[PDB]
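Observations on the three-dimensional arrangement
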Amino acid sequence: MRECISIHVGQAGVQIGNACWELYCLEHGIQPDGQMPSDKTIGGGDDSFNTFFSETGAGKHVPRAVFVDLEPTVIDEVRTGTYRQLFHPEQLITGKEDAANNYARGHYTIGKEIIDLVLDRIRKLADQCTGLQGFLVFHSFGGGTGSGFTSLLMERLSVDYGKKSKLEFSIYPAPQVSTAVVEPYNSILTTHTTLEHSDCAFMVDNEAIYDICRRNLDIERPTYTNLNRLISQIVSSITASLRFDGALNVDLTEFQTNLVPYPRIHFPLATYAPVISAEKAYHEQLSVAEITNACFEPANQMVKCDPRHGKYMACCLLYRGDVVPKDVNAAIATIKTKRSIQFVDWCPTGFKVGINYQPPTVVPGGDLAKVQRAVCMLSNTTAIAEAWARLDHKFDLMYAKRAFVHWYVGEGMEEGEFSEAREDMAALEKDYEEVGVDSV
Amino acid sequence: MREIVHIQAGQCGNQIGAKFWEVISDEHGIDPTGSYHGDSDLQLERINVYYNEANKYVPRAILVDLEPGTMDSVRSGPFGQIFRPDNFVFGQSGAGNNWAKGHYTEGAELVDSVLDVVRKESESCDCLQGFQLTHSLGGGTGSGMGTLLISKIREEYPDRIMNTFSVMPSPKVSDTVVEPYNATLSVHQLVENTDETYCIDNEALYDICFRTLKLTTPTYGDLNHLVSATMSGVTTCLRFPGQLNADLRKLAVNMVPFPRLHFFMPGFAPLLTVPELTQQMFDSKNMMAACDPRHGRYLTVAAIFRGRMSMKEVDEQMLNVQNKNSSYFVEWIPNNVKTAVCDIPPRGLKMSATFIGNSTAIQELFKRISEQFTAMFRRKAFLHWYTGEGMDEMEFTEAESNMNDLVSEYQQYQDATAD
Amino acid sequence: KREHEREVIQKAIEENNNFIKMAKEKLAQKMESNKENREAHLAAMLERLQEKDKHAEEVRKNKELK
Ligand SMILES: Nc1nc2c(ncn2[C@@H]2O[C@H](COP(=O)(O)OP(=O)(O)OP(=O)(O)O)[C@@H](O)[C@H]2O)c(=O)[nH]1
Ligand SMILES: Nc1nc2c(ncn2[C@@H]2O[C@H](COP(=O)(O)OP(=O)(O)OP(=O)(O)O)[C@@H](O)[C@H]2O)c(=O)[nH]1
Ligand SMILES: [Ca+2]
Ligand SMILES: [Mg+2]
Ligand SMILES: [Mg+2]
């Protein structure tokens, strides 16, 4: 049981999936041909890694995964790459014609011709499950496919699987690695359309990931590969709850309970540590206390926000490796003294902690140093709303002059969709503010 | 792959188109016979965009003219026989630098045979992105027949992208007095029926030949080498593995805030250091239009950097151009300058920079033509050549009106603020 | 109490079903209004081009009289 189907949508989604599944295979000892010499249960089993990896009686372990792009390339590389044998051909669906950075194309014009096929592939994967939990959906905010087709997929998945859990890993747009000028439009559009159909989304801000890669890993001009391996680390920390076991492991679903106070406040802020280079790591061991503190340093955050300008409604800490409860506890205290973690008046102010002893893996030849322990913190700060504000403001600058709007109306959309989406985001900003005010 | 269909119409059109096929055939390692003979695999990865495969390669090009001269010239010359012989479509009459003739009378005869070849190429495509047309706006075949083709093709492929390199006329380079008329007529068509027009102004090419390349007596070849350099530049991100603006459509989406204002200003350097490349590129003395960008405001900009250099330097210099002259970039389109890098440089150079601008200074160019048009029209001069083919002043009146409107719109947005 | 328990689980089933249903509706409305809108636009474009054609025939006829 407890299976998770991962869907990777558009370029960012597919390439991040490339990163994640390679990382996973390293973490579980699965070779590029699906063979897992450690597994003795052949063609199946109920092991923890089975939540992400079905098995063939020929002994191949296969990602419970679907890659979907409206355009042949990227995915094609997966088909012709080091891991071409991990996937089976029908898990990699491609189109002919991308969405030209236009959510109206992804959501309607071009996406409608591939959605039923994607849903059939997903169903093929679902029927292979004995007790499916839900979906991990990986996509960019800014892409034509990543925004429009993703929101279409989400609506249809809510129809075909009901209230099954849907979790997002969303690439939030940052000019440094941008590709379209209309990415604010696509972002607001897709957020408004998905808001109702997602239980938990992790926003990863490309600007934050760019900055960390540059300052902590010393990379002149980081690449999508640099970014994606850092990101895959964070994803692995978040999914390690479900892929491994242990007496100190806690299921993300438990954190979810504590991370989503109200259905709409479902955007948690993530912070990862340690991100260092081998050069540095050499002869420098980081202590639990070290990594933990880092988690509270705004620079190691996945989204650019000032948590201090907001209140907390949850703080979950997911550790990995040589971490023991005592050490953690101390750290937490020390921090609580040296730091100010203000909380809303209606939320308990404790920290939920989990430990998987399985130590972190690095991609060989990568830029990250292999480390003895690490932590990913997951918090619910009203502060994340800053990232909405930025987007909203940019959207407004353009929408007031109707700039580029024609490209969307010409694909079927109405100016009304724009205003409704925008109004929804306005609501979302008001909501966050509200939950952060104290009570009677 | 994602296939483009290329069309050459008229003298100027077939000249700049033939140069373009020489230049990018060299870049892609295709000898004059259609055989690949290059080192990198990056030359054949997206070669499907501009070439059909037959182990040989044949430009997906359609050559069109109302006179047999320039097209014979082409069949005869360098890379003359890389073109599918079927794809030469030509009349004998000529068009007499007459817009009415290319658009209404002589061109109408030839247009269906052109569209025939167009179908043959389009229906042999996996996914046709759109069409690219080269032509001048000052003669008759290119100007009038080309715009007629633009309409015909839209009728048959209303969901594809229309793209043109349109040469704007300049007294200092020709003499045909009617050129303003012809231009104003096709600008009219282009406003309505293309998604993106690179405005190659002969005036600027002249000036850059004269007062920069210091060529006292420039020939049409001197201009056309600037042109083929620009065309390679603005097609790089479409012909070579890459991301930013790789499709004609994404280009349209990232560059056309409003559907009419789709008239772009190209620039190229070297006519060095990332700084030198960048500053040369943004100077007017490197613009292929005639307008000074310091007179209006960049709505959108895309830069392409070709060669081996530091991307760190490229990003620093690009942000330096903006942050420094942040006055010439509108504040209601955030992050409107995008940059791409391709490792393969053009021939002869080791580093190069091409630049595409939706700038409101392009109003200057249209304004110039408008003036020249009104001079003659205020005395109905040379109108007989046109009226006689069946046209009515209303048409001229409409076309002049539409272009004045275009200018007025470029000014409005230039004078727009956010708050 | 047993009846209350039956009512609560009934409420849960009904509410999920209503969710799936309202989703299905909203999405069908959207897809259909998009298709109507896009078709309308292309129709008007092709019709503009048709009026362009009719005016070209007008021009040719006006000359074959001069
Ligand atoms: N972090 C990260 N961001 C990426 C990656 N790939 C693309 N992006 C970002 O994604 C945004 C663009 O979305 P894409 O994923 O490229 O677009 P798409 O889903 O293919 O949509 P279309 O091409 O229009 O069909 C830009 O802001 C890029 O910065 C990636 O591999 N890693
Ligand atoms: N830049 C550039 N301009 C050219 C070239 N050849 C012609 N022109 C310009 O083209 C304009 C006239 O267009 P033509 O190509 O001669 O017209 P056409 O399409 O052949 O029409 P017809 O003369 O009737 O056959 C003039 O304003 C010239 O300045 C060229 O090779 N390069
Ligand atoms: Ca097993
Ligand atoms: Mg893409
Ligand atoms: Mg001539």
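Residues numbered from 1 in each chain as written, not as in the entry; some residues may be left out. Chains lettered and ligands numbered in written order. Part of a larger assembly, values for the part shown. Heavy atoms only, no water. Residues with missing side-chain atoms left out of burial classes, pairs and counts.

For chain C, the count of helices and strands is 1 helix and 0 strands. What you see for chain C is a C-alpha radius of gyration of 29 Å, clearly larger than the 11 Å of a compact globule of 66 residues, by over 25%. Taken along its principal axes, the extent of the C-alpha atoms in chain C is 95 × 10 × 5 Å. (Helix = DSSP H or I, 4+ residues; strand = E, 2+ residues; numbered from the N terminus. Rg over C-alpha atoms; globule rule 2.2 N^0.38 Å.)

What follows deals with the site of ligand 1. Taken together, 24 residues form the shell around ligand 1, and within it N101(A), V177(A), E183(A), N206(A) and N228(A) come nearest. Mapping the residues adjacent to ligand 1 onto the chains of the assembly identifies chains A and B. A distance of 2.8 Å separates an oxygen atom of ligand 1 from a polar side-chain atom of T145(A). At a separation of 3.2 Å, an oxygen atom of ligand 1 approaches a polar side-chain atom of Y224(A). Taking 650 Å² as the accessible area of ligand 1 by itself, protein coverage stands at 98%. (Near = heavy atom within 4 Å. Polar contact = N/O pair within 3.5 Å; in protein donor to acceptor, adjacent residues only side chain to side chain. Areas by Shrake-Rupley, 256 points an atom, 1.4 Å probe, with all protein chains shown as cover.)

This next bit is on the side chain of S370(B). Along the chain, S370(B) turns up in helix α11 (residues 362-377). With sequence-adjacent residues up to four places away left out, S370(B) is seen in contact with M403(B) and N404(B). (Contact = heavy atoms within 4.5 Å.)

Right, let's get into unusual backbone geometry. The amide bond that connects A273(A) to the next residue, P274(A), takes the cis arrangement and shows omega of 20°. Mapped onto the elements of the fold, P274(A) is located in the loop between β9 (269-273) and α10 (278-281). Of note, the bond from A269(B) into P270(B) is cis; its omega dihedral lies within 30 degrees of zero at 0°. Inspection of the secondary structure assignment puts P270(B) in the loop between β9 (263-269) and α9 (274-282). Phi at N101(A) is positive, roughly 65°, even though this residue is not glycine. With respect to the helices and strands, the residue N101(A) is situated in the loop between β5 (92-94) and α3 (103-109). Notably, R402(A) is not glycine yet its phi reads approximately 55°, a positive angle. The residue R402(A) is located in the loop between α13 (385-400) and α14 (405-409) in this model.

The next subject is the coordination of the calcium ion (ligand 3). Here the calcium ion (ligand 3) is held by the protein donor atoms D39(A) (OD), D39(A) (OD), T41(A) (O), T41(A) (OG1), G44(A) (O), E55(A) (OE) and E55(A) (OE), which lie 2.1 to 2.9 Å from it. Along the chain, the residues that donate to the calcium ion (ligand 3) are spaced as D-x1-T-x2-G-x10-E. (Donors = N, O, S within 2.8 Å, 3.2 Å for Na, K, Ca; no water.)

What follows covers the pairing of strand β1 (residues 2-9) of chain B. Residues and elements named next belong to chain B. Across the 8 residues that make up β1, a large majority, 8, are buried. Where β1 meets strand β6 (residues 127-136), 7 bridges bridge the pair, whose relative direction is parallel. Among the inter-strand pairings, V5 is bridged to a residue of β6, identified as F131. When β1 meets strand β4 (residues 61-65), the two strands line up parallel, connected through 4 bridges. Each bridged residue has a counterpart across the sheet, and for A9 the counterpart in β4 is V64. (Buried < 20%, exposed > 50% of the residue type's maximum accessible area, 1.4 Å probe, protein only. Pairing = 2+ DSSP bridges.)

This part covers the domain arrangement of chain A. In many analyses, interface size is given as the accessible surface area lost on bringing the parts together. Residue and element names in this part refer to chain A. Assigned domains of chain A: these are domain 1 (1-268), domain 2 (269-383) and domain 3 (384-437). Computed over C-alpha atoms, the centres of domain 2 and domain 3 are 32 Å apart. Taken residue by residue, the interface counts 14 residues in domain 2 and 9 residues in domain 3. Summed over both partners, the interface of domain 2 with domain 3 buries about 860 Å², with 49% contributed by carbon and sulfur atoms. It is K304, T382 and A383 in domain 2 that bury the most area against domain 3; as a group they hold 41% of the surface buried on that side. (Domains from an automatic or database assignment. Buried area = accessible area lost by both parts, 1.4 Å probe.)

Taken together, the contact pairs 13 residues of chain C with 19 residues of chain A. Residue composition of the side of chain C that touches chain A, by class: 5 nonpolar, 5 polar and 3 charged. (Nonpolar A, V, L, I, M, F, W, Y, C, P; charged D, E, K, R; others polar.)

A word on the UniProt feature "active site" in chain A. Residues and elements named next belong to chain A. Residues annotated in UniProt with the feature "active site" correspond here to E254. Among the structural elements, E254 can be located in helix α9 (residues 252-259). Overall, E254 belongs to the exposed group, its relative accessible area being 52%. (UniProt positions renumbered as here; feature names shortened; annotations may be inferred.)

Attention now goes to the interface of chain A and chain B. In this complex, chain A contributes 25 residues to the contact, which on the side of chain B involves 28 residues. Those elements giving two or more residues to the side of chain A that touches chain B turn out to be α13 and α14 of chain A. Counting residues per element, the side of chain A that touches chain B draws most heavily on α13(A), which supplies 3 residues.

Our next topic: the packing of aromatic side chains. What describes a pair of aromatic rings is the distance from one ring centre to the other and the angle between the planes of the rings. Here the structure, examined in full by the defined rule, presents 49 aromatic pairs over all chains. An angle of 65° between the planes, with centres 6.3 Å apart, marks the rings of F282(B) and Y298(B) as edge-to-face. Residue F282(B) is located in helix α9, and its partner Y298(B) is located in strand β10 (residues 298-307); the two are separated by 16 residues in the primary sequence. Looking at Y298(B), the relative accessible area reads 4%, which means it is buried. Between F377(B) and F396(B) the ring centres are 5.5 Å apart and the planes differ by 10°, which places this aromatic pair in the stacked class. Linking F377(B) in helix α11 with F396(B) in helix α13 (residues 393-414), this pair joins segments that are 19 residues apart in sequence. Taken together, the aromatic side chains of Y185(A), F395(A), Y399(A), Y408(A) and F418(A) make up a single cluster linked through ring pairs. If you follow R402(A) out to its NZ or CZ, it ends over the ring of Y399(A), 3.8 Å from the centre. We note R75(B) situated over the ring of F88(B); from NZ or CZ to the ring centre the distance is 4.5 Å. (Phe/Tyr/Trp six-rings, centres within 6.5 Å; stacked < 30°, edge-to-face > 60°. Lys NZ or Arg CZ within 6 Å of the ring centre and 35° of its normal.)

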